[PDB]
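Quick heads-up: it's one chain on its own, the form solved without this ligand, in structure tokens.
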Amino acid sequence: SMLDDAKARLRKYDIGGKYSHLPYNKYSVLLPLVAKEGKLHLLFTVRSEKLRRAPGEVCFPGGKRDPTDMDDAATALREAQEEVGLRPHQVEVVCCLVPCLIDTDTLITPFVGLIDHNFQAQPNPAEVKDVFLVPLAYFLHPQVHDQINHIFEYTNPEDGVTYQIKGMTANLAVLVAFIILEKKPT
């Protein structure tokens, strides 16, 4: 099936806990896969304009590890619950992708999660201004604008709203699309 095939692909890129004990400032993100209309989508947040770091930017759910977290995957799930109301029973964490090193002292660990079809986002307005889906296949043929560095523009055909996706967020989205969608019979 579509979902069994996605999970099988993802598991081949799982790094596991290999890098997890290293003494960094630690953050985790959840790359949430949603199946709608017979295709996979990624769920993105738009950060509240209130926040000091990157107000109004497109981001995956996530944040800083805290002492309660059993592991890095727990960080991602705790933060996702706080930001969009995603409960742990509503997500299957499939793998841990390559971590992202930033600022010389920080390590961001991305986890891919399969999201239950009955989940409905409840954006927490203190943290998130908006939540939206993008079809995973978009990231194979994105609309690129050079700002100099590359920026994706995605227009939601439901409402005509355009979102800008860039940086680590854009890079991770492409990675997930390659892993899941490369070399598939039609």
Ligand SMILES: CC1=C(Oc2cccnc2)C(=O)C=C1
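One-based numbering along the sequence shown.
Absent from the display: the form deposited with this ligand bound. The rest refers to it.
Among heavy atoms of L136, none comes within 4.5 Å of this ligand in the bound PDB entry. Contact check for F119: a heavy atom falls within 4.5 Å of this ligand in the bound PDB entry. Of the heavy atoms in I115, some are within 4.5 Å of this ligand in the bound PDB entry. In the bound PDB entry, this ligand sits beyond 4.5 Å of every heavy atom of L40.
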